[PDB]
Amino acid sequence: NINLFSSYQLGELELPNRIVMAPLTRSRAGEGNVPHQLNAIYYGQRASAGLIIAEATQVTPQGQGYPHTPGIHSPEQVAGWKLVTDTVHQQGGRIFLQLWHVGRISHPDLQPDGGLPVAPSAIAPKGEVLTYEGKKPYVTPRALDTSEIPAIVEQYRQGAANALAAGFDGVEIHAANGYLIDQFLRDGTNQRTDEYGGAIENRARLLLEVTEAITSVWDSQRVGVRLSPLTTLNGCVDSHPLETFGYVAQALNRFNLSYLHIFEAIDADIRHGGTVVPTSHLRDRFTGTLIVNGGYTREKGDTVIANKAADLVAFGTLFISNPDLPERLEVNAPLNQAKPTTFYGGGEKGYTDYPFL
């Protein structure tokens, strides 16, 4: 009898429960995009999670797309992240860093020397993007040269090496939500005509090469990957999600990863008139630990574990508002209500001041 409170063996890590804190961008980094003591308090308050996945963290300056997100490319950033991992470890928790590059979802104002965002193909996102001077129209990203792809892979390798020096327990590759890797994955954002575009094995190549590089730094059982097969976020869609994502699920087995993490889009059924990509399709193809996410509750999480449909269940929104989410779920306590106005930016309010039971 397994449920949301069963322990789990994730490589050498002993998880006390199956509850994961999903990665959550909070945009509360200081000068130089460096984490600080407030961030350490925030993660320390949530250390009862089976596993924390820290917010998306850019691996290189050009990988930033929103003001005040932390990076993992500089020594000052490693030192600030050390404050966080030290606090989490003091509180008996475990934490992985989510490794980010936004690709086209950025603006020159956020880029070194005011340069263009990079991407697989020169396709401007629609609408406006937040800068330090409010919202401005997106521009068109520069399509990377074939010869530049190794430099991208190397930025991820260095980001993963920095995470290791910062004292994380592992890393998660952000291959979801329409950011750089996802932009290569999906045919809606990738119309390249080299070995990184066209056929599925080409579109998956960047993910696979990034994963290979990162497993040269970390033991593979401390490296996860996140996918979001049916998001439409950031204008990133694939025309054959079942085949695309079913292929990636199988291709990742080579690496003996920590886990595959699926964000199941909350609006996919209502948009698509049904389910184009049941998570079972991926559960059956990826042979290791599966984390599922999107709108879970105590009862929904228990069910998926009991049914063997997933091993771990990640909660995003509820972990914003309930630092002791595991205990509250365990005893069927009232949950605090999440306050969207304070999700992004600011300080303690709506960040470290949600109460414990």
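Residue numbers run from 1 along the displayed sequence.
- Look at the C-alpha B-factors of 108-116 and of 167-175. On average they run higher in 108-116.
- Remark: stretch with higher mean C-alpha B factor among 261-269 and 248-256 is 261-269.
- For the set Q155, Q90, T211, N162, the PDB entry assigns the largest Cα B-factor to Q90.
- Per the PDB entry, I305 shows the highest C-alpha temperature factor of the residues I305, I291, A40, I53.
- Sort the modelled residues of the chain by CA B factor and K300 lands in the highest third.
- For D182, the recorded CA B-factor ranks within the lowest third of the chain. Only modelled residues enter the ranking.
- Sort the chain's modelled residues by C-alpha temperature factor and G188 lands in the middle third, per the entry.
- Among the modelled residues of its chain, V277 has a C-alpha B-factor that falls in the highest third, as given in the PDB entry.
- Among the modelled residues of its chain, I320 has a C-alpha B-factor that falls in the middle third, as given in the PDB entry.
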